[PDB]
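A.B. asks: 3D model of this:
(2 chains)
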Amino acid sequence: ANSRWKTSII
Amino acid sequence: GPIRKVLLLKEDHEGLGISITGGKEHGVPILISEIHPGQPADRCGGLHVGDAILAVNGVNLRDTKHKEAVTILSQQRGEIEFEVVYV
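C.D. replies: Numbers count the residues shown, from 1 in each chain, chains lettered A, B, ... in the order given. And now the structure:
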């Protein structure tokens, strides 16, 4: 996937 | 979709059990991108991939930057009320 947007596991 | 209120219960040894993406700097809401199996969000039943998190325990998250949302969300303990919407 793109992944321009930040992702966090919480 | 309709704005929903969803209760999540968790103990202090676990996280929320979600991955979030987006935030103000990306021009989109804080969005649930993953619900991790067997963790509190999965167990609560009412949170799903694609839900935008509008507020948690009354704290608005609609104009929050990604990391701001991480801090706010990770601070919440015990019985946690989410305001969410699927769109």
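A.B. asks: would you point out which residue is most central in the chain?
C.D. replies: Answering for chain A, as no chain was given. Relative to the mean C-alpha position of chain A, the nearest C-alpha, by Cα atoms, centre = their mean, is the one of residue A:7, at 2.7 Å.
A.B. asks: think we crossed wires, I meant chain B
C.D. replies: Nearest to chain B centroid, counting by Cα atoms, centre = their mean: residue B:53, 5.0 Å.
A.B. asks: skipping adjacent residues, who's closest to that one in space?
C.D. replies: residue B:30 (4.6 Å; Cβ to Cβ, 6 or more residues apart in numbering or on different chains). For the C-beta atoms, the positions are set from N, CA and C on the backbone; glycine is no exception.
A.B. asks: surely the one you found meets residue B:66?
C.D. replies: Yes. Between residue B:30 and residue B:66 a contact is recorded at 7.3 Å, counting by Cβ atoms under 8 Å.
A.B. asks: re earlier: tally of neighbours for the residue nearest to residue B:53?
C.D. replies: 28 (other Cβ atoms under 10 Å in any protein chain shown).
A.B. asks: beta partners of it?
C.D. replies: Assessed by DSSP bridges, residue B:30 has beta-bridge partners residue B:22.
A.B. asks: state the distance from it to residue B:13.
C.D. replies: Remark: distance between residue B:30 and residue B:13 (Cβ to Cβ, to the nearest Å) = 24 Å.
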